[PDB]
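Read the single chain below, which is given as structure tokens and is the form deposited in one PDB entry.
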């Protein structure tokens, strides 16, 4: 009845992991799709789903694929395996929406990429009650973003989304000569803005993200 949203995504993964081994320190560009990045582990190669016989980027040696299920390897007890797997998940999430979303090194954000100058695009997603739009190219330029974080919680795997409003700086320039402008917009009323920014974020959607849990009791 009094349930509320949760800022992490219940990832659903198939029974295929494609464990391998390489020698690299993470990208040699590529010649095909945008899934030719160095999505590797610390010493070994941890790839993901692929429509080819070889793994991603075609740089790992042939006949060195374990091809084991997710439950055998991704569920470990030491924190080093969790950190490695979550870094891999962040790497395969950043280069998954590369044609639409960009990543910046400061503040750790996946923002909307600008197509031109003085953009007037709108993002619309469906809902059960009505249709709600969002303007993410507002110029006074800033767009919308989020930050991913690591979480396992034993049974499943999670990417934590923090909806930063990204009001400071956007465009081709890295920073508008260090000129930020932001304040507190969200409030602890019956509704909120951050959760809203979580709900209307759908550009992140074999990383088949489930809906955030939103099951709570507040007696």
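Numbering follows the first chain given and starts at 1. For the two forms, the rigid core is made up of the largest set of C-alpha atoms that agree within 1.5 Å on superposition.
Engineer: Enter the number of deposited residues without atomic coordinates between residue 26 and residue 27, binned as none, 1 to 3, 4 to 9, or 10 or more.
Structural biologist: According to the record, 4 to 9 deposited residues lack coordinates from residue 26 to residue 27.
A second form of this protein, the form deposited in another entry, is not displayed here; the remarks below concern that form.
Engineer: Residue 132: with the rigid core matched between the shown form and the other one, does its Cα shift 2 Å or more?
Structural biologist: Comparing the forms between the shown form and the other one, which are aligned on their rigid core, residue 132 does shift its C-alpha by 2 Å or more.
Engineer: Core-aligned, does residue 12 move its Cα 2 Å or more between the shown form and the other one?
Structural biologist: After core superposition, the C-alpha of residue 12 moves less than 2 Å between the shown form and the other one.
Engineer: Aligning on the core only, does the CA of residue 59 end up 2 angstroms or more away between the shown form and the other one?
Structural biologist: Yes, the C-alpha position differs by at least 2 Å between the shown form and the other one.
Engineer: What happens to the Cα distance from residue 105 to residue 57 in the other entry: does it get closer or farther than here, with a change of 3 angstroms or more?
Structural biologist: Farther apart, by at least 3 Å.
Engineer: Taking the shown form as reference, are the C-alpha positions of residue 91 and residue 37 brought closer or pushed farther apart in the other entry, with a change of 3 Å or more?
Structural biologist: Note: Cα gap between residue 91 and residue 37 shrinks in the other entry.
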